[PDB]
Amino acid sequence: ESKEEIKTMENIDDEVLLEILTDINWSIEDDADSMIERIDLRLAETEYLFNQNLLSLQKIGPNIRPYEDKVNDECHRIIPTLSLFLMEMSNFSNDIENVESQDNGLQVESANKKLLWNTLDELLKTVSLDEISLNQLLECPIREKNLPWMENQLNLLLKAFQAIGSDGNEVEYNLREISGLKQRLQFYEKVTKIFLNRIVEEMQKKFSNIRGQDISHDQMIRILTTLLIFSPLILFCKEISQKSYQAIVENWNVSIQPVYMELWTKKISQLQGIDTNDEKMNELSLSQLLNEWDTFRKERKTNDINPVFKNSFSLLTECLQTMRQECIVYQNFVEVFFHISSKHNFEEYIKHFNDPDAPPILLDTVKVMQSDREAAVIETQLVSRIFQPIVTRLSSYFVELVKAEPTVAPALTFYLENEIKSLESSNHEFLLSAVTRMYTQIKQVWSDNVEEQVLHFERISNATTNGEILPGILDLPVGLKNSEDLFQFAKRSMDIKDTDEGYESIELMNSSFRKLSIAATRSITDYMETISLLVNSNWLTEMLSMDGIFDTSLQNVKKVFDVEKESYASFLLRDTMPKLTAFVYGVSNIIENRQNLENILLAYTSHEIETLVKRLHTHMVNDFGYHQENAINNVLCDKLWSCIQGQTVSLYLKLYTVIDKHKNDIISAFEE
Amino acid sequence: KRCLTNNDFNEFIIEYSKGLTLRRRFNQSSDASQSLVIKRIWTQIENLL
């Protein structure tokens, strides 16, 4: 109602999008502006941290640089000896010139090559003024064969710039007093017509480059067409006399970046295809640890279906199309002006040498460029909801972090945006799943313990079953988050450093924070949850923790110490002594690959809990008779009397349990 | 939040997108290329629909 200003490209939109891409501009927030203040103080301590990091410490690191650099001042200190040697030979020899030629001295009597000729020695200014070969040797041009507009009319426009059009006369000399009135005004009028000719050849030939979309993408017609533009930017007057030739290379390519930028924008964002639910592959990394090891593995390394390049394809494609936004935009370092340098009279050297690579190629410069925004934000924002990565994509996103060291392009800042695809790619690094492990070990304890409130007994009458899920089949994703960290993550590499590993400490929080998440499994430490606890830990610690790459070993023997301590508590009314402790207490987990009768799902032979409590209370507690039984067997006395032939001294030892709680002759000597 | 609240007052849509149609004409007296402000009046449009 109070219609506000014309928002035409203010101090924002120079990545103020990417500035506001800290978390979200999703409603809205001034709270998020405070969050920006927090990230600003984070950068303030990281940059004061860089400051005193580099202020004496890496200013001595700069003195460690002054080994090489003061060494350059040491060969350059021989250049002080070469400079005082040449300056001493020419100092004393030029003093000998001061006494030699100036014997009279009197330069109008002893050295009068220039005192006879105070202006007549500077008498080589006869090329004035205009304008024969400015438009005759270049119609628009006459060029493209190292021809008279390349070889001659260019250099005639260098004569239009050799003519210093504002240094006209100095009337005691008076070389171009009135000749400078229209020398480069007709040479820059006719070359203003050649300038508008190359401007219409820039919008025209660059609209043909907008038609040039050769092969994914590739603007190869803009490369051979860029060979038809190196002479326009070489063109040494100089070439942009009033920032115009570069405006034919940049302001003409302003909209003609957005033909290539719109091209990649609609182009790269169309490769979308995914799966739905992969509990089968977690039954292949649960079937891996079943037949392993203890067997031949299983896994292969098996799937890990993410190792098939659903998103790792772009790691060589949208890092290569990002390397069209960067490295073929570093072939727009063959089209910036080009590479304006170098021809020098005025198209002489680039009349011969007009063939750049340009990409990438080294690093010693200072420059700036554009045309990489939406390919970067497309590659990262495309890769966003990726919750399986970057666990298996550790060396992928860290190779992306360590991609571009040695170029002079902004592909390092892309690799830093691809470090942001490892680091500003947020806590995935997924230790909020530990917050899901304690928070879902408390707010989901109303379902698993709802069958297991009494778990290892039957006082509140519940079966010892809770489950290890999260991280049960996520322990299968330790072999699937670790198996594809050696093939898929290794096939995502690049220049310095980039895998070269070297990297993937993620992947060491698959030791560190996986033993922290597995310490929440130690906070999750029921006997199908002790059985599922050590079966899940050892379902990762059969192959993934010895290759010995984990840190949950003491978590596995800690929850397995709770499997000994709670499987002989679930069988604390059964074994007693070893009569249920070998095939019926630990083998309710070993053969599984209310707690009195509730070990009867696998119930490995012999003397299971369905007979250690019944066929020991059926004329077996004293003996088949009474002290002692005539049976040491392996069929039913193993529940009855071979148990008594395996717990013989445990009769009097078990009767000693009443001898501390509430002498020993008539029971411990003559027990019959 | 004003939208589902009352009517939105209607002024909390009417006057709110009037005095916001001020700055939605910040997003309309020129736009190039404020995809920020374009996203702003974009969600204003979708909410109004």
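Rules behind the numbers
- Residues numbered from 1 in each chain as written, not as in the entry; some residues may be left out.
- Chains lettered and ligands numbered in written order.
- Part of a larger assembly, values for the part shown.
- Heavy atoms only, no water.
- Residues with missing side-chain atoms left out of burial classes, pairs and counts.
- Helix = DSSP H or I, 4+ residues; strand = E, 2+ residues; numbered from the N terminus.
- Rg over C-alpha atoms; globule rule 2.2 N^0.38 Å.
- Contact = heavy atoms within 4.5 Å.
- Nonpolar A, V, L, I, M, F, W, Y, C, P; charged D, E, K, R; others polar.
- Axes fitted to C-alpha atoms, helices over the stretch in contact; angles between N-to-C directions.
- Parallel < 35°, antiparallel > 145°, perpendicular 65-115°, else oblique.

- By the method listed in its record, cryo-EM, this PDB entry was determined to a resolution of 15 Å.

### Some words on the overall build of chain A
- Regarding its fold elements, chain A presents 26 helices and zero strands.
- What you see for chain A is a C-alpha radius of gyration of 42 Å, clearly larger than the 26 Å of a compact globule of 672 residues, by over 25%.
- The dimensions of chain A, computed from C-alpha atoms along their principal axes, are 150 × 65 × 55 Å.

### Some points on the overall build of chain B
- Scanning chain B for helices and strands turns up three helices and zero strands.
- Beginning at the N terminus, the succession of helices and strands in chain B can be written as α-α-α.
- Counting only C-alpha atoms and orienting by the principal axes, one finds that chain B spans roughly 35 × 15 × 15 Å.

### Examining the environment of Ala375(A)
Residue and element names in this part refer to chain A.
- Turning to its location among the elements, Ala375 is positioned in helix α15 (residues 373-382).
- For the pair formed by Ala375 and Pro389, sequence separation is 14 residues and the distance between their alpha carbons is 20 Å.
- If we skip the residues at most four places from it in the chain, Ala375 touches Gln321 and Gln325.

### Some remarks on the interface of chain B and chain A
- The interface of chain B with chain A comprises eleven residues on the first partner and nine residues on the second.
- Of all the elements in the fold, those that place two or more residues in the side of chain B that touches chain A are α1 (16-23) and α2 (26-29) of chain B.
- Here the element with the most residues in the side of chain B that touches chain A is α1(B); it accounts for five residues.
- Each residue belonging to the side of chain B that touches chain A can be placed in one class, and the counts come to three nonpolar, four polar and four charged.

### Re unusual backbone geometry
All names here are of chain A.
- The peptide bond linking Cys237 to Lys238 adopts the cis configuration, its omega dihedral lying at 0 degrees.
- Take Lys238: it is sitting in the loop between α8 (230-234) and α9 (245-249).
- Between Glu501 and the following residue, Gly502, the backbone shows a cis peptide bond with an omega angle of -10 degrees.
- One can find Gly502 in the loop between α19 (476-483) and α20 (512-522).

### Some thoughts on the packing of helix α16 (residues 394-401) of chain A against helix α17 (residues 411-419) of chain A
Residues and elements named next belong to chain A.
- Look at α16 against α17: their axes get within 6 Å of each other, and the N-to-C directions meet at 150 degrees. Between α16 and α17, the crossing angle belongs to the class labelled roughly antiparallel. Between α16 and α17, the contacting residues are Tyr397, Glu400 and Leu401 on the first element and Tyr415, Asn418 and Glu419 on the second.
- For the contact of α16 with α17, the residue count by class is three nonpolar, one polar and two charged.

### Quick notes on the environment of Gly467(A)
Residue and element names in this part refer to chain A.
- With respect to the helices, strands and loops of the structure, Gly467 is situated in the loop between α18 (432-442) and α19.
- Sequence spacing of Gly467 and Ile178 is 289 residues, and the spatial spacing of their C-alpha atoms is 99 Å.
- Setting aside residues up to four positions removed in sequence, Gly467 forms contacts with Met528, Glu529 and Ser532.

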